[PDB]
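Reading through the structure tokens given below for one structure.
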Amino acid sequence: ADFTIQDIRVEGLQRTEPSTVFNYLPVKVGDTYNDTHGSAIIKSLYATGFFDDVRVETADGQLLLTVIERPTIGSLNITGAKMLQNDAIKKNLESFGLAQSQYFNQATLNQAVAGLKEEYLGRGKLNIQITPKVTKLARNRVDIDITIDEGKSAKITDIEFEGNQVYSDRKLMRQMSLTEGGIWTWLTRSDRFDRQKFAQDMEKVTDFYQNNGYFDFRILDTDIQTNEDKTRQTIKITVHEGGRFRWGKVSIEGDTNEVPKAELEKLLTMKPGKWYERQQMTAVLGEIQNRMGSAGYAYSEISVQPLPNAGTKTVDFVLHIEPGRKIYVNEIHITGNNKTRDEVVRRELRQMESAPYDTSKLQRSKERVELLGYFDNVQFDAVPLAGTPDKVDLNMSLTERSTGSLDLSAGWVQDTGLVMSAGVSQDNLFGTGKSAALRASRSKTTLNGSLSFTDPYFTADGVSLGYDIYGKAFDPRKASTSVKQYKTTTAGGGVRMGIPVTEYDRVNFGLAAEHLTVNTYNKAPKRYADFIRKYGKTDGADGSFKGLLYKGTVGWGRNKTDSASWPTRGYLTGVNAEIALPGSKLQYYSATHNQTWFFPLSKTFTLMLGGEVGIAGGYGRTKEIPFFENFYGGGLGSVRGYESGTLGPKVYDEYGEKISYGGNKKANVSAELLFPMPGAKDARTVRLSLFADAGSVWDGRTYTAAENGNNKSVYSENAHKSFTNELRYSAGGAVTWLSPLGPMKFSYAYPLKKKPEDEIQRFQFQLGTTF
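Take the sequence shown: its letters are residues 21 to 742, 744 to 792, numbered as in the deposited numbering.
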């Protein structure tokens, strides 16, 4: 019969609100209910899926919905689980979900598991058993435990190529990486069958055969057999070899754009040289896409269409270039700052903001950032903004230093010989966020090594804490030229704290104890004795000092400079003080100051201007800072064109040798004109100079003889140049190149005011590590 509904009662839910229904319903109170309403209403409530089963009961004017609802999920446990990890498949499972309480259902489950099974079938595991067990627990909810048993794995026995006929089954088999049973595959695992891997393998087996000239060449069938236990796997690959043939030409079709059909001259390079290599092709389209897209054209899909002159049998194509719009860059973002400053990277690089996108001006920025060695790779991702065209955002992904490492560094110091280093570090071991590293260097002269432990973060705004223990053996004997006849050796250790005050200014401290061992040997210069004489013992013949120094350290520096590689304007600065403190033997101090100002006269031409000033005394129980701690001079560090150390007071020793003391005061100043290669005119991987430097290193002491044998001709020579005398000048020009080994400085200087007593190196240089 029929009906007119005088009131409804939903009995079942608990809980889920009803009105959240009494509003779902096709009826109301007082509508006429018939039949169709009865099935349609349930079929309506079954969707939205809050219920496992409904039922519709019509009695004496009343409408009774009896609903069973549906459970929810208390927890889910996936445990096989080896070849891939549990919580990853549970994460991938809640993607359908199945998450906390999540309105459960079995269709979803059956297909989540069906998904798993195709994952495992995708990778090695051919047999596999993924067994859901779903237990209704309480009160309204349910708990799913997926339990896995993974199938060992399937391993390729044979790989067969049916039809070739041009190429060797062995060759082809070598083009793809996955393979039959090998003598070496336990490690490897090259026959751990894999789906995607086999996809790539067919891809390679294609590129080769394409880059080899054969157009056509379809792969027709791929037959993967197996056996009981699903362990051993044959693989059979059927193939149609191509023409081979043949190059036609050519360029165009289009297209009107800020760049011309001029491109087709250079960028089209290939000759109708017979065999067509798809490699060359995609490389050329690359070249095109790159020359397009600077100016603005990011997209600009190009469509090659083939012409089969076959029956010749040749093939030639035409590329239909279909650029579009243009793009401006709007904002620019940056990936990881751990151990680096996202501040500084954002500066040196081309492009930047609200500017027509250009490729070449991007990958020139990825050359720069990467030439700083800060990051071990870079990529450029373009996010086509918000929903408006001709505008794009940009975020460059950076990855750096790959925490923990081996380091191997070779270098060349001019006069000395080969240098080289090694080190290994680990950043944040192990979850402590504390760093530790062990480094050592060896040159004909110096042996150097240290062990250092640093808390990079010791304060919230990074404030460094460090400790290191080292030794240094410096044997200025050996080597070609000569600084003294002596050797000193230090073993010591210290505390250091860096303080990043502003984003320019860095202050740092340190305290240390060194155990100094000096050796005067000789027969050798006066001043070395009179040191041993006052401060040290004598076995000789030879002579030796021993004792320990307690040393304070202060540093500082400001860098306001437009770039790291290739600066223009800004300025550098530094201030540095060392003091051997009360309780040391010895007890001297040292200070210093740096300025480098740069100036941007032109776009090409940058004037660098700067100099260094330094002061070293001695105090208290010891006047006269030693001389193995002394300022030295000449060379690229101070005045190019002179030899290194040569600047300052010098005296002859026996064996007809001229050595140099150096001295307790330092002055240096320079002028540079820097500019790129002869264009370029902006771009620099290399930079050129013309310099004029005047340094001086003095003493304020007076010199007569001193062995046989006086080297000046007079007797005074004094020391001066602040009364102002001992100092040298020069000018000349320099290549500072950044190789892909190290920086490499060269230079050629004309010394001006050259005395006879003056030791002089016209051409100086130094290559790479340890400047």
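All C-beta atoms in this analysis are idealised placements derived from N, C-alpha and C, irrespective of residue type, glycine included.
How many Å lie between residue i and residue j at the Cα?
i	j	result
residue 325	residue 618	55 Å
residue 754	residue 621	19 Å
residue 154	residue 103	24 Å
residue 55	residue 22	8 Å
residue 256	residue 306	35 Å
residue 579	residue 405	35 Å
residue 122	residue 114	9 Å
residue 180	residue 464	60 Å
residue 477	residue 599	27 Å
residue 353	residue 375	15 Å
residue 791	residue 390	21 Å
residue 532	residue 384	44 Å
residue 291	residue 303	15 Å
residue 40	residue 318	51 Å
residue 33	residue 397	58 Å
residue 549	residue 472	36 Å
residue 480	residue 623	40 Å
residue 639	residue 633	20 Å
residue 163	residue 58	34 Å
residue 575	residue 752	31 Å
residue 460	residue 467	8 Å
residue 92	residue 70	10 Å
residue 29	residue 134	40 Å
residue 194	residue 432	43 Å
residue 327	residue 415	40 Å
residue 469	residue 490	6 Å
residue 203	residue 236	35 Å
residue 170	residue 136	11 Å
Beta carbon of residue i, beta carbon of residue j: below 9 Å?
i	j	result
residue 339	residue 251	no
residue 569	residue 581	no
residue 268	residue 329	yes
residue 653	residue 668	yes
residue 143	residue 173	yes
residue 641	residue 770	no
residue 85	residue 74	yes
residue 76	residue 88	no
residue 690	residue 713	yes
residue 355	residue 418	yes
residue 279	residue 311	yes
residue 421	residue 395	yes
Let me check understanding here. Comparing Cα to Cα, which of the options lies closest to residue i?
i	options	result
residue 388	365, 372 and 378	365
residue 72	124, 337 and 613	124
residue 166	202, 182, 187 and 129	129
residue 219	411, 160 and 242	242
residue 462	492, 244, 439 and 782	439
residue 260	226, 99 and 429	226
residue 694	355, 475 and 585	585
residue 743	91, 176 and 526	Regarding the residue in question, residue 743 is not represented: the chain runs 742 and then 744, omitting everything in between.
residue 746	64, 776 and 767	776
residue 51	37, 24 and 64	24
residue 780	749, 696, 789 and 766	749
residue 224	151, 299 and 589	299
residue 563	577, 546, 572 and 119	546
At a threshold of 8 Å, does residue i count as lining the ligand NAD (C-beta to nearest heavy atom)?
i	result
residue 651	The ligand NAD is not among the ligands present in this structure, which contains no ligands whatsoever.
Inset, instruction - Taking 8 Å as the threshold, find out whether the stretch 664-674 comes into contact with the stretch 520-528 through three or more Cβ pairs. - result: no
Inset, instruction - Report the residue ranges of all alpha helix (DSSP H) runs contained in full by the stretch 368-449; include only those spanning at least 4 residues, in chain order. - result: 380-383 and 385-391
Inset, instruction - Assess, as a yes-or-no matter, whether the stretch 535-554 is touched by the stretch 643-662 under the definition of 3 or more beta carbon pairs within less than 8 Å. - result: yes
Inset, instruction - Note down, one range per segment and in chain order, each alpha helix (DSSP H) of at least 4 residues found wholly within the stretch 251-292. - result: 283-286
Legend entry - Every unbroken alpha helix (DSSP H) inside the stretch 132-209 [4 residues or more]: 189-195
Inset, instruction - Please list the segments of the beta strand (DSSP E) lying wholly inside the stretch 546-608, counting only runs of 3 or more residues, in order along the chain. - result: 564-577, 591-595 and 597-600
Inset, instruction - Specify whether the stretch 758-765 and the stretch 398-412 touch according to this definition: at least 3 beta carbon pairs, one from each stretch, less than 8 Å apart. - result: no
Legend entry - Validate contact between the stretch 543-556 and the stretch 486-499 using beta carbons, cut 8 Å, 3 pairs: no
Legend entry - Cβ contact check for the stretch 209-218 and the stretch 185-192: 3 or more pairs under 8 Å: no
Inset, instruction - Tell me, please, whether the stretch 733-742 touches the stretch 666-685 by the rule of three or more beta-carbon pairs shorter than 8 Å. - result: yes
Inset, instruction - Write down every uninterrupted run of the alpha helix (DSSP H) in the stretch 49-88 whose length is 4 residues or greater and which is fully enclosed by it, in chain order. - result: 56-66
Inset, instruction - Answer yes if the stretch 715-726 comes into contact with the stretch 607-616, meaning at least three C-beta pairs across the two stretches below 8 Å, and no otherwise. - result: no
Inset, instruction - Entirely within the stretch 608-679 and at least 3 residues each: give me those beta strand (DSSP E) ranges in chain order. - result: 609-620, 626-635 and 670-673
Inset, instruction - Inspect the CB distances between the stretch 770-784 and the stretch 696-703 and report whether three or more fall short of 8 Å. - result: no
Legend entry - In chain order, each beta strand (DSSP E) run of at least 3 residues that lies wholly inside the stretch 301-351: 322-328 and 335-341
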